[PDB]
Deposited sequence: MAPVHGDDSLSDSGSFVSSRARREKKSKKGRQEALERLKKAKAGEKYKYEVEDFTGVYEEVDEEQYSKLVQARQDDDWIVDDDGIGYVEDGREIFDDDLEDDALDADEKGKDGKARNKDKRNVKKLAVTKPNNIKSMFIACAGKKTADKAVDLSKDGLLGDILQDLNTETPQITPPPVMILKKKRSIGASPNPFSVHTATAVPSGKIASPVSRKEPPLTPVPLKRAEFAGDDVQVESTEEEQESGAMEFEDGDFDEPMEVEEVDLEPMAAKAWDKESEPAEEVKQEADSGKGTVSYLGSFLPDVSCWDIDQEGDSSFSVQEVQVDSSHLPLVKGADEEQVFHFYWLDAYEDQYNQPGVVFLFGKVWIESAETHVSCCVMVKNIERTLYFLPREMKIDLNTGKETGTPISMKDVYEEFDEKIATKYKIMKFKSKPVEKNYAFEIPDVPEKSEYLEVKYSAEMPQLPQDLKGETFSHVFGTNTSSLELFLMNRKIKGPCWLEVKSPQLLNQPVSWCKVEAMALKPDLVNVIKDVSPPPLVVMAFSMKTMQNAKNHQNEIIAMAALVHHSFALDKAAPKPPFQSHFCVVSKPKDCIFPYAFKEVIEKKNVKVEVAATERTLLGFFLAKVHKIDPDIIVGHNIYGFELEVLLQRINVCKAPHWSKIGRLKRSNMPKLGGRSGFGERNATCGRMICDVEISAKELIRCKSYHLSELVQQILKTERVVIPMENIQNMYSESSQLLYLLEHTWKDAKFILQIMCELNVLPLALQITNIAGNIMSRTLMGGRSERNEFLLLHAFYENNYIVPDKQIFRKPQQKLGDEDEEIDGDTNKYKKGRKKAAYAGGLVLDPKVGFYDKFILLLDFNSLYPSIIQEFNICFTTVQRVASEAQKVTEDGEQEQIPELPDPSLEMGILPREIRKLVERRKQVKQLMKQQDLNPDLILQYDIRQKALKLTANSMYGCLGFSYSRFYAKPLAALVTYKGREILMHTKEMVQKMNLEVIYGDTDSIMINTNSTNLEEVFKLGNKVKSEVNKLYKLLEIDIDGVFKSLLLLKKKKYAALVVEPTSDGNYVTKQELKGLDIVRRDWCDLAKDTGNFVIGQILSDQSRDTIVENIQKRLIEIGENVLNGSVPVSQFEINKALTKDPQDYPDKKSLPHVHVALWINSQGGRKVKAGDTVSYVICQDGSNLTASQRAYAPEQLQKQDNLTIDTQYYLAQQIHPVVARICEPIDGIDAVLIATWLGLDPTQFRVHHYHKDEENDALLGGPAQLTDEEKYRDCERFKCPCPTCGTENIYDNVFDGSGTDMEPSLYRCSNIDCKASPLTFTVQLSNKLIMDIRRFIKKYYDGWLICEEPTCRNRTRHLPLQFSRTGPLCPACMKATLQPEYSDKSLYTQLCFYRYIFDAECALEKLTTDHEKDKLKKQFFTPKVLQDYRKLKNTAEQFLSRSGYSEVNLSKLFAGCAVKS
């Protein structure tokens, strides 16, 4: 007959508009053109499935009377046939009995029983979720989604090569793709595994807005994009990352182009087209997108501001064929990542900001910060108001266009360096969900889909969709002080997954109905959850084994570290999802049991270590710090090996390792310490590298000057010099800092304080007492670029002269040099930013106190202690 291969990448459905249909988009292979082109395939006649649980004894709907006659399967079939179907207008259906297993929170259900499986087309209406009858007690799967049902029936795990049997032509085209196909029923779709993924097309673009002066409105005047035609998802990023580019610029309205602009464009001879009005630019961009036909669109802040503004401009300008941005033919677009996702159906959207937030923790998530950190380069920021001024000179317009092109290139380079696409593809292929949803972030969806696949593969029934709370970890009491001898640190490898595998914690094994359920019997077989977490554990172990390879590229090591951290986070999120109240698999008792087992393990380890006449000073739910009180590395290494062997002798799956050896440790409080880590290099020699954990310096809500002073103090304290000289050095440094602060030689950029926003700025009732929300309000009201939830705000405290409190005198850094009555409040920074950090850091050591710090800094000691004369 006829059969063609297919490689799907995305899916889409709409129950309200076209029930019982799923759209699949992807790539196809053409021999004549020897290249891959976009294609779409339609699958129809997707039918719902229902499971009726028969009642062991029928009961009337008035008093629950049982006559005495046992209930047979045919009785349930007749009850469904002559009662349910007639009332809800069900015409044609197919029914047959099957066997299923239920092991979830719904009670009054046997573990193994027969069910009445009835199937009918999605066109007929939907039965109520809580239907009850004479012969059946419950009904399952009333409102299952068509896409989910198709995916679980055909056993598809992420992108893969698909084979369509008996394709059918389409009378009327429905998509902008080159090739289309139609399948009558989902039973004709099969999956193969032994074909490498084909290359894809990646498009990166960015735009520059412009706020109208006459009325509060924004318009787009410039735009550029970069396109690569042979991007590969199974290898490294290609060099160069791009192969073609284009850019278009248009005037806002009132202003006209500078004279001889076209002559300068011809002199430059670059693929730049000047557009008369906004409509021409929008039409050109829409035509270019259709002609190029990209598969992945990558940009910055696409979901938050770019896509909504673009769609609004298209709507107000009434550009023809708005659907060309997506891959489907539609007439009216929705409006609120739901509305944007619906609008961009058929094309994958990747945001660099979301990926950066998910993978790498940084001080800020602006484009300039991302370029400064990931690429180690500086990006010039053009002020928004100056756009109008620079529109009268050809050179300034060319500079703006080049800046836009450079921004697009920076975005593409960041995306290629972070290796977001292969990681997302691997995560999707592991979980089995839609990969386009993976790029949106979040961990609940991946775990839910993984558990759904695991339960479906093992012939189970999954719960239908919907429409502090328990004891957690345990942290020992620290011994605050300063230590000079070698300090060990023993850590557990994947503590919670190891506990789950060891104790066979699973839904099927643990019996449950604020009490901790008893452990399952060891004779029972392994549960689904340990067998599913073992794959993630093995994958992480394989990645670590690849890490252990010597002589690797510096960037490859960082990429592997990112991959292994993502895998570890994904493995850990499985336990966390068990305590999510909104999760589909919510189960508090399992989380309570695993936390209790972890606490018991920690206590037993601490007691058994204490039994060997060793000092334990700290530990956080999986760790133990031992004060060996020695000075030679050989003896402490031997003792650590002996303790590791003694610990590992007891258990079968849990393991313990020497995470690190410290040379000197300063412990302040819980989850707050700093120490030198010993790393061997060669010939038995070792080097020391400083590190911090939980101190105030690593936080983002402190001025950079205080952070630098604290870092210097920590470095001086942990050194091997005599205790007398470090005090003098700290005193001299503090005196110099105090002199410099009052002198005014310190740069303004060192006084910035960064804070994050949880809710919208208009949702804060205490705006009069919160400085960051006040600065956000000011920048939103009197500025351009808008700040929303999840953004970061930088503010500086300045002297205003209004006799107000410090919390109400915050200002934007750009607001300082613009005005004249604002100046840096040196007293606040020297008395509430530098002094507290230094006083807290030097508290455990002797010879340094708050009064001495105040005297050294040049402040007035008549407030801190004094009193006694």
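Student: In sequence order, what intervals of the deposited sequence carry no C-alpha positions?
Tutor: Residues missing from the model, as numbered along the full deposited sequence, span 1-337, 674-677, 809-836, 883-895, 1252-1462.
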